[PDB]
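The structure under discussion appears below in the form of C-alpha cells.
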Amino acid sequence: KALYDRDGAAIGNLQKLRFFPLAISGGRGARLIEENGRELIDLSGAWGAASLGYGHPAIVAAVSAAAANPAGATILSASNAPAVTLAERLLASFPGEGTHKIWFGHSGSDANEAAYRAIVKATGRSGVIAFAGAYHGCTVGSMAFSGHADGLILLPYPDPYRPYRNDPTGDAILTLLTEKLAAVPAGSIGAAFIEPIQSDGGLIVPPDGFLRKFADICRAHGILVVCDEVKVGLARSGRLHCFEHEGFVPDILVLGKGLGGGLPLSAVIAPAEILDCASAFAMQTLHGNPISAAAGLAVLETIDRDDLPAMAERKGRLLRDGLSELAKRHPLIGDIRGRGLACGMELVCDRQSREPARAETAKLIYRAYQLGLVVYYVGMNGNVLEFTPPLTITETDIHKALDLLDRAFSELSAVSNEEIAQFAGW
Amino acid sequence: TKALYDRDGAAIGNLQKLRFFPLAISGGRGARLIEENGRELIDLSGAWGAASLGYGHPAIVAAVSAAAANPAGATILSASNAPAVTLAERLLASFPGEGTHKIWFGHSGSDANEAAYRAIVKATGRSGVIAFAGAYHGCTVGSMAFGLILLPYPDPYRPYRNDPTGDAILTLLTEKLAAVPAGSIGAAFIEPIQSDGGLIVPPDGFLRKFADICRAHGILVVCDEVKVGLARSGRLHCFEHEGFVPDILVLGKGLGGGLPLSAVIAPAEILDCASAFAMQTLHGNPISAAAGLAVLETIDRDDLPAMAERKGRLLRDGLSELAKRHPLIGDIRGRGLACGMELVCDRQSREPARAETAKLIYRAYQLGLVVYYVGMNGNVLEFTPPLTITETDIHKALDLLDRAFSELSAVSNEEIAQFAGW
Ligand SMILES: *Cc1c(COP(=O)(O)O)cnc(C)c1O
Ligand SMILES: *Cc1c(COP(=O)(O)O)cnc(C)c1O
Ligand SMILES: O=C1CCCCCN1
Ligand SMILES: O=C1CCCCCN1
C-alpha cells in the first residue's frame, strides 16, 4: 500500500542502492517531497545530477518547448539543432585546441566507455592507467578500467588523509607510476583515466600539484589524459571545470550527471582525430535526443547567467564552515574536504588512528533521513558522508541542513541495528 | 549562420554517426520532421522506432512538462519515486506477470540487454548464451558480448540447409546443446522479428518450438522487443503472435516516445539476486518515467496496436502494388508498423541490390521521405513510422516511394560516397 512497499514489489533489487525508505512523489528547489507531503532537504542532489535542483524554471521552459516541438529524437541518422547548439556551447567552454569534437551519450558510464573504445580504435593502444577505488561506470565497458581490461594499471589515489606509503607529497605514487610504465612495452598504454576529485574513494581532493605532474609523465609517454568530470564537473568545484584547479588541461573531458539537470545526458570532448577515426561505431538510438540536449543547454545557460561557479564557491565555504563547527562538537568527524559544492566528511573511530566508523555512518544518514535530511555515504569503508547539493541551494537551506545534521549526530544511537540491516547499501 | 548539417560536421564527431543523407532537423509535428528550411518530411523511420507517438504528441507534452515542473527526484537507485513505481506496475500488469516478475529500468536497449545478461549469470551461474547470427542487442561492450551458440535466424526468404520449415535450425540447436555440458547455457536471446537481419518474421511455429527446447534444458528465454514491442506489431507485445511467453522481456526505443527509457521484465529471482549491481545514476528518473506512462496510456486509450495492424496492412498492400511496377522489390514482410522491403537484382536469384538501395533512400530523402536500410547486405528498407502516422501520411509516402523508385538514376555514386552510413 505505501509507495516504498510498492517499490519493493514492482522493482528488482539489481539497481537499488537504498540507505533508508525514501519514497518520493515530488520536488521543488532543493527539496524532495515524500508520498505523504513531508519535505526533505536534499544534500545529495541525486549524486549531483540535480545540478539546478527540482522544477527549475529554465529546465521546465527548455524541456516543455522541446517536447512540444522536437527536432527528431536522435543525432545518429540525422543532425538536429538542439544537440548541435549544445555541442558548440560545450566546445566554446573548452580550451584547447581544438580541433575538438563532441560525442553525446545517456550517462557517464556510456561516455567513459565510448572515450576508451575510441582511443583504442584511433591509436591501437589498449593499455589504461586508472586509480584504485576509481568509479568510471557500471557497464561492462566502463567497469573494465574502474577499481576493484587487459593492460590495466591501477595506481593508489593521492589521498592526503591516508597517504600511500606514508609519503604526503604523493611522490611515491609518481615513482610507482614510473616503475609500472617501464615494466610494459613503450607506447602500449593509450589512456590515463583521472578523477580530479575522487568520488567513490571518499570525495578525495588530491595533494596540490600532483595531477599536473601525473599529466606531465603521461604526456611524455604518449598517453592521452582523460579527465572524468561526471561528478565534479560543470561549476560544482567552484570553477566551470574542475581541472582549472589543478594547473593542467586534459586531452579529453568526460561529462555527465548534472549536465542533464535531471535528464539522461553525457558528453565526451575529445580531439577530432579520436572521434573521426570511425563512424557508426559507439551508438545508441536516443543519443543526442533533442529533449535531453535542451535541458543540457538550460544547465549551461543557467551556469553562465547565474555565475554558478561563483555561487558554488560561496555556498561551499558556507557549508564547510558549518561542518567544521560540527567537528568542534562531534568527535566522529575526522576530515572535511572538497571543492565548491562537492564536499566529503569522513567519520572515524578515533581521530589519531583514523579507523573507519562504518556502522555509525549508516545509522547517521538513516537518522538524518528520519529528521528530514537526504544525505548518502560513499567510500571504501562506507564511512564518508557526501554532500553534492543542487547548485542553486539557498543559504537558508544549508543552515537548516546543518541544524538537522547536528541533530542527527546527537540522536544517532536511536537507530537500531535491525533497522539498518533492512538496507543493503553498497 | 552556416548550414545546420555543416555545423554538425564541425561540432559532432563521426563515432556515432549513421548518416545516409544530409538530413538536418529543427522541428517535428506528428509523423513529420521539419528541416531547417521548413520542408516537412514524412518520417517512415520514426527514429528507428523510438518516436512511437510521433513528435509533439499532446500526451507526451503534458506528462513531460508536468514531470519537469514537479520532478519526483532524479533517480530510482537511491530513492523510490512514484512515476517509476507506477510505470513498473503498469508494465507488469501488461505481462503475465503476477508476483513472479519484477522491473529493472535503463536508458537504452543496449544497457537493458546487458543488464539481463549480467543478472542471469549472477543469479544462475550459467554464463553460456544462445543467440542468432545477424542479431542486434545493442552497441556496448556488454550487449555485443553475445560460451556462445550462434544460430541462423529462420528466414522464409533465405532458408538454412535447404529447409524452409526451419526444422534444420532446431536440429542444429539440439546438436550444439548435446555437445556442451547440461546446465552450462543460461539464456537464449531472441528477436521475435529480426531487425538488423532486415525485419525478418520467422516461419510460423518456429519460436514456439524453440522456446520448448530451451525450457526442456533449463534455459531462460529472453525476448528482445526493443524495436518491435509496444503495440508496434499489431499486438502490445510481439511474442503474442508467436504462441509462447518469454521468461524475460527487453523493452526500449518506443517506450520513451522520444526520451531514453528501457526496461527489463524478469523473474524476481533474477532481479533480486544482488543489489547495487547494474545501475546508472539517472535510471528510473521521473521525466523519462512519466513519458513511459504517457506512451502506455496512449497505447490503451487510442487503441494503438489495432491502429498499427490496420495501418500496417495498408502500408504493405501499397508496397505490393509498387512491386508490380518495380522489379527490384523481392520481399515485403512484417507485422503491424514494422515492415521490411528487400531489394534484389533478380527475384529468382534473390541477389541483393545494395548499390541501388542507397540511392533509393537518398532519392526518397530529396523527395520528402525519411526511410533507411538495414540487413547484412544493405538491401532492406525499414519502415517503422510513428504508431500515430495518418492514413493520408501513408498514401502520400507510398506515392513518394513510387516516385523514388522511378528516379534512382538521378542520384550518382559520388553523392552516395559522401555519406559513410553503416
Ligand atoms: C556517476 C559517475 C559515473 C557514471 O555515471 P552514471 O550516470 O552513473 O553512469 C562515472 N564516473 C564518475 C566519477 C561518476 O561520478
Ligand atoms: C535499438 C535496439 C537495441 C538497442 O537500443 P539502443 O537504444 O540503440 O541501445 C537492442 N535490440 C534491438 C532489437 C533494437 O532494435
Ligand atoms: O535500429 C538500429 C539500432 C539503433 C542504433 C542504430 C542502428 N539501427
Ligand atoms: O556516486 C555514485 C555514482 C552514481 C551512481 C550511484 C553510486 N554513486
Side-chain angles (χ1 to χ4, degrees), chain A residues 4 6-7 10-17 22-27 32 46-47 49-50 54-55 60 63-64 67-74 76-81 84 87-88 101-103 106-107 109 138-141 257 262 264 275-276 279-287 424 426, chain B residues 5 7-8 11-18 23-28 33 47-48 50-51 55-56 61 64-65 68-75 77-82 85 88-89 102-104 107-108 110 139-142 253 258 260 271-272 275-283 420 422:
Chain A
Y4 205 82
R6 292 197 282 122
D7 171 279
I11 295 154
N13 228 253
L14 208 71
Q15 63 188 143
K16 287 181 200 195
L17 185 63
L22 172 55
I24 302 171
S25 68
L32 299 157
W47 307 99
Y54 302 118
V60 172
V63 164
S64 292
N69 166 67
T74 181
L76 304 197
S77 59
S79 182
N80 83 74
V84 173
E88 303 161 340
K101 297 198 165 173
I102 303 312
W103 174 99
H106 298 304
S107 59
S109 282
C138 201
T139 64
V140 176
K257 290 195 182 80
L275 300 169
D276 294 320
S279 40
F281 181 76
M283 75 200 318
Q284 290 164 243
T285 310
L286 284 280
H287 278 167
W426 290 86
Chain B
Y5 204 87
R7 292 204 276 145
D8 176 289
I12 308 204
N14 247 261
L15 211 71
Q16 58 192 172
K17 280 180 196 173
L18 183 61
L23 176 70
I25 308 167
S26 75
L33 303 159
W48 300 100
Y55 307 109
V61 169
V64 173
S65 307
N70 186 17
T75 183
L77 307 203
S78 38
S80 175
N81 75 76
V85 173
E89 288 156 357
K102 271 165 192 205
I103 301 286
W104 172 100
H107 295 308
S108 69
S110 311
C139 188
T140 59
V141 167
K253 291 200 258 252
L271 293 186
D272 290 348
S275 58
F277 180 79
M279 50 165 52
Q280 289 164 52
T281 305
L282 270 297
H283 282 166
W422 274 106

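Hydrogens, waters and symmetry mates play no part in the numbers below; they use all other heavy atoms, side chains included. Within every chain, numbering begins at 1; the chains are lettered A, B, ... in the order of the sequence lines, protein sequences first and strands thereafter.
Proximity to chain B is limited to the side chain of A/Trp47, based on heavy atoms less than 4.5 angstrom apart. In this structure, chain B has heavy atoms under 4.5 Å from both the backbone and the side chain of A/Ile11. With a 4.5 Å cut-off on non-hydrogen atoms, A/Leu286 touches chain B through its side chain but not through its backbone. With a threshold of 4.5 angstrom between heavy atoms, A/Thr139 approaches chain B through its backbone and through its side chain. Of the atoms belonging to B/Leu77, heavy atoms from both backbone and side chain fall under 4.5 Å from chain A. Looking at B/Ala278, both its backbone and its side chain come within 4.5 Å of chain A, counting heavy atoms on both sides.
When the candidates A/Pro264, A/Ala424, A/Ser107, A/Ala73 are compared by the number of heavy-atom contacts under 4.5 Å with chain B, A/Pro264 comes out ahead. Ranked by heavy-atom pairs shorter than 4.5 Å toward chain B, the options A/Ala87, A/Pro70, A/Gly55 are led by A/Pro70. Most heavy-atom pairs under 4.5 Å with chain A: of the set B/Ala72, B/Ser80, B/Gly13, this distinction falls to B/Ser80. Among the candidates A/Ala50, A/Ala46, A/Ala23, the residue making the largest number of heavy-atom pairs closer than 4.5 Å to chain B is A/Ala23. Ranked by heavy-atom pairs under 4.5 Å with chain A, the list B/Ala68, B/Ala79, B/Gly258, B/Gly142 is led by B/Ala79.
When all heavy atoms are compared, the tightest approach of B/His283 to A/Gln15 is CB-NE2, 3.4 Å. Between A/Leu22 and B/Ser78 the shortest heavy-atom distance is CD2-O, 4.4 Å. B/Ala11 and A/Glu88 get closest at one heavy-atom pair: CB-CG, 4.1 Å.
With contacts defined as side-chain heavy-atom distances shorter than 4.5 Å, the pair A/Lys16/A/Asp7 qualifies. Two residues are said to be in side-chain contact when any heavy atoms from C-beta on lie closer than 4.5 Å; A/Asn69 and B/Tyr55 fail this criterion.
Listed for the B/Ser275 side chain is no donor-acceptor partner under 3.5 Å among the backbone atoms of A/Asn13. Between the side chain of A/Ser64 and the main chain of B/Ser65, no donor-acceptor pair closer than 3.5 Å is present.
Under the 3.5 Å distance criterion, with hydrogens and angles disregarded, no donor-acceptor pair is assigned to the side chains of B/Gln280 and A/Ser109.
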